[PDB]
Amino acid sequence: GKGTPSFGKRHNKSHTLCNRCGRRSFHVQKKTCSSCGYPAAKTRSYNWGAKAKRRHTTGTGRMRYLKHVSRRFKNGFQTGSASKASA
Amino acid sequence: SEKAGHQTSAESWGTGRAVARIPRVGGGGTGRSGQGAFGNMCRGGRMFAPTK
Amino acid sequence: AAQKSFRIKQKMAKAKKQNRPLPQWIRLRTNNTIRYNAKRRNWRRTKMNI
Amino acid sequence: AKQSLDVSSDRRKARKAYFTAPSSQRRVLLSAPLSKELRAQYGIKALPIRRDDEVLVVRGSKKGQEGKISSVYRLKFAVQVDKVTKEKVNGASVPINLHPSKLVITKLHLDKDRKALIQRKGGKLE
Amino acid sequence: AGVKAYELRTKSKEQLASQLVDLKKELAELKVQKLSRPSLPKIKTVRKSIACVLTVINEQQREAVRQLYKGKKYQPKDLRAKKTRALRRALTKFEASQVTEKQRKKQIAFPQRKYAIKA
RNA sequence: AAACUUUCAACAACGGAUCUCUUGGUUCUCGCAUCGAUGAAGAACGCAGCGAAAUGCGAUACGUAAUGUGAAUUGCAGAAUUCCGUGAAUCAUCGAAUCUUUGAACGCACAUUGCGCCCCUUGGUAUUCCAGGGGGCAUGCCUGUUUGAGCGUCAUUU
RNA sequence: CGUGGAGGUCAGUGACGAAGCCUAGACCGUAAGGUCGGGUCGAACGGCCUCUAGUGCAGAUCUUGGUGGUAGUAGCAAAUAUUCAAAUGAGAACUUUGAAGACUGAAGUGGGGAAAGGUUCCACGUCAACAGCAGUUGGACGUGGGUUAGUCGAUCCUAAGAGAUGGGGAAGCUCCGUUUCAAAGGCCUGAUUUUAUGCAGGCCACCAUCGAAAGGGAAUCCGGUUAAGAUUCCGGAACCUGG
RNA sequence: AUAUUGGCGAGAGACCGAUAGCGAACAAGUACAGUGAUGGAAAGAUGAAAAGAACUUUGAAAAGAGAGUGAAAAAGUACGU
RNA sequence: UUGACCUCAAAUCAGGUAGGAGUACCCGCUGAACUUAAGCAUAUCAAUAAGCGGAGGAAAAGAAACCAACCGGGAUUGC
């Protein structure tokens, strides 16, 4: 029937490199994603199981603005300025 | 823990070639030479009497 | 071949710098216990396939 | 004493301010005392170490020799010796890693860095 | 070397303009000598000077906006900041308790008189 | 009278238990309320004199500015004199800026830094095309200024 | 009875060497064991009276890692063929150069593209692992360089196909259809160069987008140079479109 | 007042002590493999100071046999035991 | 052969609003299987697991068409 190939004559990229994330999981045909939701407002990130959750949360990356959080209101809505006092 | 050993659920082979019950971890030569969790087998100890 | 695109090729253009690990100075640094990195690859015989 | 709030009575949870200690305070960790003469002249014994000051070795393996503070280490918590230098394989300078706390200071350098600061750091200067 | 930062805040927008050009030619002359010698005499002190100039100039162009637009509820969306959403919404120090003739009897007209339970 | 095999007390390979430890990680109280259109999080494309791999950062790209501390760090190189007090500092602190191509991320798309228009300024001695820099525009509700159909209903002049 | 761990005590022991391992060294006990010496090693150790229960071990096709007998073993047969000389080297049946003898006989191991792959091509240097014999060569490793376009493509357009607004279900997350009751789009001219444009006639039914690297299609070939690659640079000879 | 497994700041403790505890104390949503949703590794330890090996003999290189350094070279880039 | 009020629209302006991630706990709506079973349905598991949306910084609920037959009772939730 096959002759021999099952993964033989393979030369057509199915899931292309996802521009949204980069996990390579999107096709032009069905126009749907399998990483974090592509053309739509959806986001493939659920909470089932004891795993596969933190990779869509926070704490494991950059958080360039979340560092500005734990910073400002440590005193009391500081949005003004300051100067010298004791050298 | 409610997630100690609660993170593995696969299926291995049966009759034929010489192979015991080890959840065939995907990828040939990935270090996980037939591992998982479950009870007192796969590389992941078990804890009798769940501490209430 | 070569012909593809940029956006796809851009994401695949970074392993060129992975061809240059430790010259003659990284071997002895500040409290370094990890010498060579285990992320090297040469696809002459290696089959990464992303 | 465990009574207030900011207090760690645990062994393992008392070395957090060592490996991740602020470099602005890591130098304070590498301080140096004085002697039995400058104690009744300055009052304060614990003083910040300085590159422009000398020191004498009492322990270690070089008794009767003095050293000069040059390059200091904070990641390894040590300091090289400018004066007392050994020989490598040809005869140059061996990075003798010591510490100013285990060494007795004999001479200093009276500037305005102290005196007035001593009044701020609690004391009565000279 | 290491330049200053107070010498740039005392100059006008014209003096800093010509000074910026002088730093432009400094870049092309501090990148050539690198393929030959392994280290350049002044390679570190080149990204600290220009970075300080652009900071002062941009600051002086924003403080002038707070001059003619001062004293109005309609200032351009660039004088304030990001802040948060809670302050822009929620209750206030007046809308939380609309002082009138009826609500006055709740807290203002009838508050809480002090007392000392003893004898 | 030897070599080899099994049982083999020391030395010398391959293989690399157990015990003695640590800057960290699972069950639980109290206190605090600091995410969210002046642009979040994650990922990709990157950055230092020898920077490939983290963190941080986003053509001011392992910083700048301000405050506090008050006289460095590194394996090596380079090194000005502000070094007895208009500010060293890879740590810490950090109210005011900046942040591309993607992304709850905006003219319209993405296997494609894809594909247009309007306004302002300079040159090609041309208000119309092209190029560079800066600044914008899309849909479903609830108010409002300047403005349009429809003899459904309802009025005023010879 | 032993091991791990907590509390109390002999205010114990502890570089005059703890604990752990080996010991064809000894004593006591019916059986579970402990102490001493030597060697190795150089940092906190042990007993009794209690408490705690994830402490002891030949097998559940038990889990993971490592090591033998077999064994200096089987195998090393698809595709006719090796040998001599020279250079280099400690070292050569096999890499380089030259010669002789041959295989494949454009339906081949040729010479040009697409897909996959993005530094595996070119230059220099090196031989510790891998490259199941050998191998100074190499698709192993380290240090560099090359990426130049109005024109052959792609982008633009269309069929198949995917997919909005204006409607029509559902609690939410959405699907199908592609014009199935339109108030969808705003231009030529007249009154207006210097008004960035307000009121009336006379017209046009097209009126989200994406969608082929073998098809569709106004435009450039040849020759030479370099360590590598052009129709791109240099030199010579021409044409078309828009403003 | 009452609730409070994720974020921030002390003791979170009569736990375990690297085949154990969560998947992760290290590069840790790691490496490798796959068209996708996933499963998910193996390896903790030098010394006060790398002084990480002067010089000489044999050898093409990597080594061994001396010597020097160190409390011990019975710690020699295969790391305390 | 001539001007107003109401309803129904159309922009790029001053001044506003909308589309989500994480998500312990809690709330509204919709909706399964396996275990046990003196056989099977009913029932238990279960106003559940998983998934989605909105609001809050605790949420839901709660200052009475409520709870009693007594000595009349004096808001909600939780141990």
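What follows draws every value from the coordinates through simple rules; no lab data is involved. Ideal geometry is used to build each Cβ from the backbone, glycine not excepted, and the neighbour counts take in all protein chains shown.
Odds and ends about this structure:
- Pair list, Cβ < 8 Å and 6+ apart or interchain, from region B:1-20 residues that are away from chain A (no Cβ under 14 Å) to residues that are exposed (fewer than 10 other Cβ atoms within 10 Å of the Cβ): B:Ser12/B:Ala20
- Only one of D:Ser93, D:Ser31 that is among the hydroxyl-bearing types (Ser, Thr, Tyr) and without any contact (Cβ under 8 Å) to a residue 60 or more places away in the chain: D:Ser93
- Residues in region A:36-62 that are in a loop (DSSP other than H, G, I, E, B), surrounded by 10 or more Cβ atoms within 10 Å (Cβ to Cβ) and within 16 Å of RNA strand G (Cβ to nearest atom): A:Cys36, A:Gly37, A:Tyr38, A:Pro39, A:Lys42, A:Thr43, A:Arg44, A:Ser45.
- Qualifying residue in region A:71-87 (condition: of a type outside the set (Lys, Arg), within 11 Å of RNA strand H (Cβ to nearest atom), touching a helix residue (DSSP H, G or I) at 6+ places or on another chain (Cβ under 8 Å) and assigned to a loop (DSSP other than H, G, I, E, B)): no
- Residue satisfying all of: in region C:11-28; surrounded by 10 or more Cβ atoms within 10 Å (Cβ to Cβ) and not β-branched (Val, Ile, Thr); farthest from RNA strand G (Cβ to nearest atom) among these: C:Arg27
- Picking from residues in region D:81-106 that are part of a loop (DSSP other than H, G, I, E, B) and among the hydrophobic types (A, V, I, L, M, F, W, C), the one that is farthest from D:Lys63 (Cα to Cα) is D:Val89.
- Where a residue in region D:107-125 is touching a residue at least 24 places away in the same chain (Cβ under 8 Å) and its partner, wherever it lies, is among the β-branched types (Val, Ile, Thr), with Cβ under 8 Å and at least six apart: D:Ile118/D:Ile44; D:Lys121/D:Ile44; D:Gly122/D:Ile44; D:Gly123/D:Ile44; D:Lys124/D:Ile118; D:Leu125/D:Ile118
- Of the residues D:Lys88, D:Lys83, the single one that is away from every other protein chain (no Cβ under 14 Å), of a type in the set (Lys, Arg), more than 21 Å from D:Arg27 (Cα to Cα) and within 10 Å of RNA strand H (Cβ to nearest atom) is D:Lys88.
- In region E:25-47 there is at least one residue matching the filter, namely being farther than 30 Å from E:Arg80 by Cβ and among the acidic types (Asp, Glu).
- Some residue of region D:28-44 being within 22 Å of C:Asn31 (Cα to Cα), under 16 Å from the mean Cα position of the chain (by Cα) and within 14 Å of chain C (Cβ to nearest Cβ): no
- Residue match in region A:63-74 (condition: small (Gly, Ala, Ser), near RNA strand I (Cβ under 10 Å from one of its atoms) and loosely packed, with under 10 Cβ neighbours inside 10 Å): no
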